[PDB]
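Nothing in this text is a laboratory measurement; each read-out follows from the coordinates by a stated rule. Neighbour counts are summed over all protein chains in view; Cβ atoms, including those assigned to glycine, are modelled from backbone coordinates with ideal geometry.
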Amino acid sequence: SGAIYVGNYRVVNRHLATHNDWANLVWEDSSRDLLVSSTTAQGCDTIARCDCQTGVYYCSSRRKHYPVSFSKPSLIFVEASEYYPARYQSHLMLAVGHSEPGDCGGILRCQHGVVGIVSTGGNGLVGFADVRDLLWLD
Ligand SMILES: COc1ccccc1NC(=O)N1CCC[C@H](C(N)=O)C1
Ligand SMILES: [Zn+2]
């Protein structure tokens, strides 16, 4: 679990969005596993606008943060799950690091701000949905 709170927006994994997220929908994209909903309170986070390929992510299954080197946002095949058929997920960044399914929503940050959230993983890999291209979040 986890979310980004920026301005009057909440950014979550689309597959973990709540009934309230869908009732206050701003934008969603199944191919990116992202959903953005509107909030009444002002958010605590700021978004990176950069080309960093290193950063630190929060891993809830270890209660710890880990440093990572990650690939540039790309189209990656993701196997079927209970949430989606087998498909290509876009704007995904992969890295070597521990993750389990419930780690989705953990934030990846570089020195500039929030880069994205955990969205995929397996066998010593962790994948992050990029948010740096969503300029309207600002
Ligand atoms: C962090 O996720 C994992 C880690 C280790 C093992 C498995 C996972 N599950 C995982 O990759 N997905 C399940 C939920 C929806 C995901 C998606 N974006 O399509 C895919
Ligand atoms: Zn950066």
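Structure notes:
- In this structure, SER38 and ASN123 have a Cβ-Cβ separation that, at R0 = 35 Å, corresponds to a calculated FRET efficiency of about 0.40.
- Separation of segment 77-138 and segment 1-72, taken as the distance between their Cα centroids, equals 9 angstrom.
- Residues whose amide H lies under 5 Å from that of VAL115, counting only those 5 or more places away or on a different chain, are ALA48, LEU108, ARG109, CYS110; hydrogens are built 1.01 Å from N in the peptide plane.
- Kirkwood Rh, Cα atoms: Rg over Rh of segment 45-138: 0.95
- Segment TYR84-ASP133, extension gain: residue separation times 0.36 nm, minus the distance between their alpha carbons: 15.3 nm
- Net charge contributed by nearby residues that have their C-beta within less than 15 Å of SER30 (K/R +1, D/E -1): -2
- Calculated mean residue ellipticity, 222 nm, the chain: -500 deg cm²/dmol, from DSSP H runs (n ≥ 4) at -39500 (n - 2.57) each, averaged per residue and rounded to 500.
- On the beta carbon distance between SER71 and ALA23, with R0 = 30 Å, the FRET formula returns roughly 0.30.
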